[PDB]
>>> print(open('structure_35.txt').read())   # compact mmCIF, C-alpha atoms
# COMPACT_ATOMS: atom_id res chain seq x y z
CA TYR A 1 0.00 0.00 0.00
CA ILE A 2 1.40 3.37 -1.10
CA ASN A 3 0.29 6.39 0.94
CA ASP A 4 -1.46 8.65 -1.57
CA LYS A 5 -3.11 10.54 1.30
CA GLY A 6 -1.52 13.77 2.44
CA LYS A 7 -0.96 12.70 6.04
CA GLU A 8 0.04 9.80 8.27
CA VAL A 9 -1.75 6.46 8.08
CA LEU A 10 -2.22 4.15 11.07
CA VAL A 11 -2.08 0.49 10.03
CA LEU A 12 -2.99 -2.40 12.34
CA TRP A 13 -2.31 -6.09 11.74
CA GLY A 14 -2.07 -9.29 13.73
CA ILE A 15 -0.01 -12.47 13.94
CA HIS A 16 -1.73 -15.71 14.97
CA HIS A 17 -0.16 -18.46 17.10
CA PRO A 18 -2.06 -21.75 16.80
CA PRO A 19 -2.10 -24.08 19.82
CA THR A 20 -0.98 -27.19 17.91
CA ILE A 21 0.81 -28.08 14.68
CA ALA A 22 -2.42 -29.72 13.49
CA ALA A 23 -4.16 -26.35 13.83
CA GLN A 24 -1.36 -24.76 11.81
CA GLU A 25 -1.87 -27.28 9.01
CA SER A 26 -5.66 -26.95 9.17
CA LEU A 27 -5.47 -23.16 8.88
CA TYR A 28 -2.47 -22.50 6.61
CA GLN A 29 -1.10 -25.81 5.21
CA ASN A 30 2.42 -24.58 6.03
CA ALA A 31 4.13 -25.93 9.15
CA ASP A 32 7.12 -23.63 8.59
CA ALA A 33 5.31 -20.33 8.11
CA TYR A 34 6.59 -16.77 8.42
CA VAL A 35 5.36 -13.19 8.14
CA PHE A 36 7.23 -10.03 7.16
CA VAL A 37 5.96 -6.46 7.53
CA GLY A 38 8.08 -3.65 6.16
CA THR A 39 8.13 0.10 5.63
CA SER A 40 10.91 2.60 4.95
CA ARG A 41 11.64 2.94 8.68
CA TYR A 42 10.11 -0.35 9.90
CA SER A 43 10.86 -3.99 9.13
CA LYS A 44 10.12 -7.09 11.17
CA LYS A 45 9.82 -10.83 10.56
CA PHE A 46 7.33 -12.79 12.67
CA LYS A 47 7.52 -16.52 13.21
CA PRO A 48 4.61 -18.53 14.70
CA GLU A 49 5.03 -19.82 18.25
CA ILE A 50 3.04 -23.06 18.19
CA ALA A 51 2.37 -24.15 21.77
CA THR A 52 -0.61 -24.79 24.04
CA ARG A 53 -1.24 -21.71 26.16
CA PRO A 54 -3.48 -21.63 29.23
CA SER B 1 3.15 -10.75 53.02
CA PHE B 2 5.90 -13.08 51.79
CA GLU B 3 5.91 -16.88 52.02
CA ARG B 4 8.21 -19.29 50.18
CA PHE B 5 6.39 -22.45 49.10
CA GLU B 6 7.44 -25.47 47.07
CA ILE B 7 5.71 -24.86 43.75
CA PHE B 8 6.97 -28.14 42.26
CA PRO B 9 7.97 -30.84 44.77
CA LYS B 10 11.30 -32.31 43.75
CA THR B 11 10.48 -35.93 44.63
CA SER B 12 7.31 -36.13 42.51
CA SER B 13 7.17 -33.43 39.82
CA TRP B 14 9.89 -34.85 37.52
CA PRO B 15 9.78 -38.66 37.38
CA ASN B 16 11.10 -38.81 33.80
CA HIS B 17 14.05 -36.41 34.13
CA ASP B 18 17.08 -36.16 36.40
CA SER B 19 17.09 -33.57 39.19
CA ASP B 20 20.42 -34.45 40.83
CA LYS B 21 23.21 -33.84 38.27
CA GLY B 22 22.54 -30.12 37.88
CA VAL B 23 25.50 -28.83 39.90
CA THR B 24 28.28 -26.50 38.75
CA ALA B 25 31.59 -25.28 40.13
CA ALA B 26 30.42 -21.71 39.47
CA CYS B 27 28.06 -22.06 42.47
CA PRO B 28 30.12 -23.86 45.13
CA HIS B 29 28.88 -24.77 48.59
CA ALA B 30 31.41 -26.01 51.16
CA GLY B 31 33.90 -26.59 48.34
CA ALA B 32 31.52 -28.90 46.44
CA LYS B 33 29.54 -28.30 43.28
CA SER B 34 26.02 -27.02 43.92
CA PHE B 35 23.21 -24.96 42.44
CA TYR B 36 20.50 -22.50 43.43
CA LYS B 37 18.13 -23.56 46.19
CA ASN B 38 14.96 -22.30 44.48
CA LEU B 39 15.68 -23.88 41.08
CA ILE B 40 16.34 -27.36 39.71
CA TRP B 41 18.53 -27.85 36.64
CA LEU B 42 17.00 -30.89 34.96
CA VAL B 43 19.14 -33.12 32.74
CA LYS B 44 18.68 -36.38 30.86
CA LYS B 45 17.82 -39.53 32.80
CA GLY B 46 20.05 -41.47 30.46
CA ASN B 47 20.10 -40.99 26.68
CA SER B 48 16.58 -39.55 26.88
CA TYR B 49 15.00 -36.17 27.63
CA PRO B 50 11.26 -36.66 27.11
CA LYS B 51 8.87 -33.78 26.62
CA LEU B 52 8.43 -31.87 29.87
CA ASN B 53 4.90 -30.62 30.56
CA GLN B 54 4.06 -29.20 33.99
CA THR B 55 1.38 -26.83 35.27
CA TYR B 56 0.61 -24.96 38.48
CA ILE B 57 -2.74 -23.37 39.37
CA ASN B 58 -2.51 -20.47 41.83
CA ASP B 59 -4.63 -21.71 44.73
CA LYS B 60 -3.22 -19.01 47.02
CA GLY B 61 -5.20 -15.86 47.63
CA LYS B 62 -2.52 -13.39 46.53
CA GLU B 63 0.20 -12.99 43.92
CA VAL B 64 2.76 -15.71 43.21
CA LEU B 65 6.26 -14.86 42.00
CA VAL B 66 7.64 -17.69 39.86
CA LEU B 67 11.26 -17.65 38.67
CA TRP B 68 12.83 -19.93 36.07
CA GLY B 69 15.93 -20.08 33.90
CA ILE B 70 17.07 -20.94 30.39
CA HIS B 71 20.49 -22.50 29.85
CA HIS B 72 22.68 -21.81 26.80
CA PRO B 73 25.43 -24.41 26.42
CA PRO B 74 28.70 -23.33 24.79
CA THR B 75 28.99 -26.28 22.40
CA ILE B 76 26.65 -28.65 20.57
CA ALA B 77 28.32 -31.56 22.37
CA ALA B 78 27.39 -29.84 25.64
CA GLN B 79 23.80 -29.70 24.39
CA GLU B 80 23.69 -33.44 23.68
CA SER B 81 25.50 -34.40 26.89
CA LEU B 82 22.72 -32.74 28.92
CA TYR B 83 19.49 -32.82 26.90
CA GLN B 84 20.07 -35.20 23.94
CA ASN B 85 18.25 -32.74 21.63
CA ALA B 86 20.21 -30.52 19.26
CA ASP B 87 17.11 -28.40 18.56
CA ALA B 88 15.42 -27.89 21.92
CA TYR B 89 12.85 -25.29 22.94
CA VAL B 90 11.14 -23.97 26.06
CA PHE B 91 7.71 -22.40 26.39
CA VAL B 92 6.39 -20.61 29.47
CA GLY B 93 2.74 -19.64 29.47
CA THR B 94 0.23 -17.70 31.55
CA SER B 95 -3.09 -15.99 30.84
CA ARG B 96 -1.23 -12.73 30.18
CA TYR B 97 2.31 -14.03 29.54
CA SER B 98 3.56 -16.41 26.87
CA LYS B 99 7.10 -16.72 25.52
CA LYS B 100 9.11 -19.30 23.57
CA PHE B 101 12.83 -19.63 24.30
CA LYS B 102 15.44 -21.07 21.94
CA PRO B 103 18.95 -22.05 23.08
CA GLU B 104 21.82 -19.98 21.70
CA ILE B 105 24.67 -22.49 21.52
CA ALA B 106 27.88 -20.48 21.18
CA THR B 107 31.14 -19.94 23.03
CA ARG B 108 31.01 -16.93 25.33
CA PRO B 109 33.92 -15.25 27.09
CA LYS B 110 34.73 -17.26 30.18
CA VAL B 111 33.56 -15.70 33.45
CA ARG B 112 33.55 -17.77 36.66
CA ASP B 113 35.14 -20.59 34.63
CA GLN B 114 31.88 -21.01 32.68
CA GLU B 115 31.66 -20.61 28.90
CA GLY B 116 27.88 -21.05 28.61
CA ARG B 117 25.20 -18.78 29.99
CA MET B 118 21.96 -18.90 31.96
CA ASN B 119 19.24 -16.27 31.56
CA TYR B 120 16.88 -15.83 34.52
CA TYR B 121 13.23 -14.92 34.04
CA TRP B 122 10.37 -14.21 36.43
CA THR B 123 6.63 -13.64 36.32
CA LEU B 124 3.66 -12.96 38.58
CA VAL B 125 0.76 -15.42 38.58
CA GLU B 126 -2.52 -13.84 39.67
CA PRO B 127 -5.08 -15.66 41.84
CA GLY B 128 -7.10 -18.14 39.80
CA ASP B 129 -4.40 -18.08 37.12
CA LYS B 130 -2.11 -20.93 36.10
CA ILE B 131 1.44 -21.19 34.79
CA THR B 132 2.58 -23.81 32.28
CA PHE B 133 6.10 -25.04 31.52
CA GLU B 134 6.80 -26.96 28.31
CA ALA B 135 10.27 -28.04 27.30
CA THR B 136 12.47 -30.33 25.25
CA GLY B 137 15.64 -29.10 26.97
CA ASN B 138 17.44 -26.09 28.39
CA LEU B 139 15.01 -25.46 31.25
CA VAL B 140 15.81 -24.76 34.89
CA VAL B 141 12.47 -25.48 36.55
CA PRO B 142 11.21 -23.64 39.64
CA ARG B 143 11.42 -25.42 42.98
CA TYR B 144 10.20 -22.68 45.34
CA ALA B 145 7.83 -19.87 44.38
CA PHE B 146 6.95 -16.87 46.53
CA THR B 147 3.41 -16.08 47.64
CA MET B 148 3.47 -12.31 47.96
CA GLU B 149 1.34 -9.23 48.58
CA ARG B 150 2.61 -5.84 47.42
CA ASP B 151 2.19 -2.40 49.08
CA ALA B 152 2.48 1.22 47.85
CA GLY B 153 6.24 1.12 47.36
CA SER B 154 9.67 1.67 48.90
CA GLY B 155 13.34 1.55 47.94
CA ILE B 156 16.61 -0.27 48.48
CA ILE B 157 19.23 1.37 50.70
CA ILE B 158 22.84 0.46 49.90
CA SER B 159 24.84 1.14 53.05
CA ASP B 160 27.18 -0.37 55.62
CA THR B 161 25.30 1.20 58.55
CA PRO B 162 24.35 -1.26 61.31
CA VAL B 163 20.72 -2.27 61.78
CA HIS B 164 19.12 -1.67 65.18
>>> encode(input="structure_35.txt", output="structure tokens")
Amino acid sequence: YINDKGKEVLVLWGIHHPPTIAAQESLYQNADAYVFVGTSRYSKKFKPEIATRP
Amino acid sequence: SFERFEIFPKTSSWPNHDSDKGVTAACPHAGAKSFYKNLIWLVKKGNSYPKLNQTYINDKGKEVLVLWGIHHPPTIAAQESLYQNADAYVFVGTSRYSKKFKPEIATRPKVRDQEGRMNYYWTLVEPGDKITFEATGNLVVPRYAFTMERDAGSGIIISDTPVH
């Protein structure tokens, strides 16, 4: 997305952590998944943390 | 209010792992190798480190401070001689806290004769909340947690003045 507006844009996203590997396959078909979000001054790579939380 | 209580009894919580060989010369007691009182350094019970899965529900009426540790061996051989898993992982979870820890196997500068490292972490479990420990290696499990109640606040005085 290129900012054609004349002012700042607030962007919100989320990263999901399934409880089990089976959930990861049932949702995304990729056991070894990754995310990357990048701007000119921002760049981060997110890896799923598949574990059973309380 | 402060009360130390055995969060995980040593004689029953870890039947599959070894809770006796976790002693180092960096923490000596009476000239012999020892370790921290409030923590157990679990190792293999012989060519096997099965999946560790333990939980604790806060039955106390106030906060519970739980401290654990993650061990980073200096060498891959050190990883196998303790946990028999080259790619181990730890996961500590609460209703508000969740973190996955990965060992960083590398040679550090040697301080107190030790080339590996051990990072210490802590958290507060609220009443009615539970903590969960999951591991395939590199976990120093709690032995004693601290039931605690906090007040408004104070400070730490660093001085040699006598106490009367």
>>> interface_residues(input="structure_35.txt", of="chain A", to="chain B", cutoff="10 Å", atoms="all atoms listed in the file", output="number ranges by chain")
A: 48-54
>>> atom_distance(input="structure_35.txt", atom1="CA of residue 151 in chain B", atom2="CA of residue 9 in chain B")
29.3 Å
>>> axis_aligned_box(input="structure_35.txt", around="range 18-25 of chain A", padding_each_side="4 Å", output="lines of an AutoDock Vina configuration file")
center_x = -1.7
center_y = -25.7
center_z = 14.4
size_x = 13.0
size_y = 16.0
size_z = 18.8
>>> closest_residue(input="structure_35.txt", among="B:136, B:34, B:107, B:161", to="residue 80 in chain B", atoms="all atoms listed in the file")
B:136
>>> atom_distance(input="structure_35.txt", atom1="CA of residue 77 in chain B", atom2="CA of residue 43 in chain B")
13.9 Å
>>> residues_around(input="structure_35.txt", residues="range 61-71 of chain B", least_positions_apart="5", cutoff="8 Å", atoms="all atoms listed in the file", output="PyMOL selection string")
chain B and resi 39+90+101+103+116-127+138-142+144-149
>>> closest_residue(input="structure_35.txt", among="A:4, A:37, A:47, A:32", to="residue 16 in chain A", atoms="only C-alpha atoms")
A:47
>>> atom_distance(input="structure_35.txt", atom1="CA of residue 110 in chain B", atom2="CA of residue 86 in chain B")
22.5 Å
